[PDB]
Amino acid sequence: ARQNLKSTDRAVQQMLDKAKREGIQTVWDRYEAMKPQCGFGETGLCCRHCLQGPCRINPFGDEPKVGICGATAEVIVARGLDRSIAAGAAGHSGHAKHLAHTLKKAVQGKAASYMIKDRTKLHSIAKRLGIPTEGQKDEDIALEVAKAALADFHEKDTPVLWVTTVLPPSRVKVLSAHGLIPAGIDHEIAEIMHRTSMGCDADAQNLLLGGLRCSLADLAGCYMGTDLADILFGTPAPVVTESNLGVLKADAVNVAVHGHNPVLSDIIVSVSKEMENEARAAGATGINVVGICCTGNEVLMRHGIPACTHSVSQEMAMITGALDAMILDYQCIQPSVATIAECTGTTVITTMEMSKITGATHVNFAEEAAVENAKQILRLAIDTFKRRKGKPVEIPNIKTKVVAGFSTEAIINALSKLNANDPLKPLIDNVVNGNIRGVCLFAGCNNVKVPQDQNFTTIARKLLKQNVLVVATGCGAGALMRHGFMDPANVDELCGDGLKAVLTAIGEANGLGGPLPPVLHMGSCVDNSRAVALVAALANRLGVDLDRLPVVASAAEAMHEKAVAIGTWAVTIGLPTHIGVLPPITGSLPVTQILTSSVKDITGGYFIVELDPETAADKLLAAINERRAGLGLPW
């Protein structure tokens, strides 16, 4: 088996060979077993929204041509897409809401393991929301912020403030004119589920406008999540760490935090440090916390916790034989981990009531008892380490250096070393003079249909050589970090001369041995909201709307409904947005044309669907350069 056809990560390839000889089924094996996949589903031409279904429509040929109730291909495709957007928005609803309740508990004295760690961020959020701070106690300010967060989930006398206060007024005006500003986060989710149910909305344009509005409810959840996590756990600043499977250590208790919410992982990290002696009593060197997926990104960004792996290759951490525990909250966890754990010895532990996996151990994690619950969880990990005494493990000796922690505040601060009172100006100067061609955000998942990381690295290499400033989040950041794109030592190899000059000038002004890394890691998937903050700040500084900026996004290997939601809000706020996997929309040309073309006339953004990464890079460059030309700039 040619493992490089499955993943371009050599550590993953090594574990795939191990899984094969041990007879352990992987995500790639389950994919092979699924081929050929259903063409109706692949194109979006299937509906199960009532008990008269399933209905399907032949992409081409003869009957069936229409759903039983009369639903056309346009309607069916648009309804399916809208439900995916709502599902993504719901995941970010759950995440943000979790943090809002935690902040509220903390400042009410009900969860002493949590506290206001970033007072400056708290006050800045309060001011943005219009909440008074002068003469007010921090705990009361925080209580008001938490109440405002929770209020954005339902209808009230104002729209969703985590949309209207985070985008420039001109953008809010454009969106309002089209009826696209959400009334409430969970309100929009419910309205999508209603309008897409049988015998309701049956006009493609109307349905898709609803989807754009629900995508902004998702944006609000993301931005709220980042805001609240920064208050509770600290705003990221530049950090140095490592990534890939080689960060596991045979002589340590290896504990992966996996899922999404720092409410959980942040405490695991702090408590693990207090349990060092207890781990040593058990014959370990200590507890080695490592990250998977977004919650890994959260603790990487804030604490420099090394990232083990991401997304599609998550099972491979277990295959090493050295993963003593995998601590889960929710989202993007392959439920296969629960059965693979039987083979590998790993203790898989769920912690949230709405996210259990048959065969896992469930240990409820209450914010009110976070430290004690964390100790219980970590003691299971220690017991597991003891059980593998004398057992061979195979940790690929493969890892990269990673510089990360580029929050928007961190980026502005780094730039301020070149211009203290106008920090964005040096960036803009270099866009204008051509040293920086534009900005591309890589975001989102890996997808088993695409050799792992192949689209991210192929596109990033082409853009970097063309002097594009590249930023990344989520498992896109994960892909790029595992392939060396966050190691400043690789700037000479990867970057165009203009971009190199800029990364070097900024790094040198920040007292570094040299440049910023080739790609700036802006955090987890909710932290795509940080990229919004940066872009909106640039828009405001320039006095133009986001759809005039040379900024694009690429979900190069997208998988989750959350990726569909984020991609859709990227388009809604005005960005050309690449998706590198086939979305289930191709069964309807009219829907495809709306999403890739006519939406430009509504929001200024648009999707670029392109499965070939070299071609995608060309299309992204063309989009950046069109923006440059629109600003009167050379390109």
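We number the residues from 1 along the sequence you see. For the two forms, the rigid core is made up of the largest set of C-alpha atoms that agree within 1.5 Å on superposition.
Relative to the displayed structure, the C-alphas of 513-521 lie farther away on average in 5 other deposited structures of this protein than those of the other candidate, with 513-521 and 549-557 compared after rigid core superposition. With 257-265 and 239-247 as candidates, the stretch whose CA atoms show the greater average offset from this form in 5 other deposited structures of this protein after a core fit is 257-265.
The mean C-alpha temperature factor is higher for 420-428 when 457-465 and 420-428 are set side by side.
The stretch 496-504 shows the higher mean C-alpha B-factor when 496-504 is compared against 554-562 in the entry. For the set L219, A250, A477, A73, the PDB entry puts the maximum C-alpha B factor at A250. The residue among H95, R119, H187, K356 whose C-alpha atom has the highest B-factor in the PDB entry is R119. When all modelled residues of the chain are sorted by CA temperature factor, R302 is found within the middle third. Ranked against the other modelled residues of its chain, the C-alpha B-factor of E42 as given in the entry falls in the middle third.
Sort the chain's modelled residues by C-alpha temperature factor and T339 lands in the middle third, per the entry. Among the modelled residues of its chain, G211 has a C-alpha B-factor that falls in the lowest third, as given in the PDB entry.
The entry lists a Cα temperature factor for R195 that places it in the lowest third of the chain's modelled residues.
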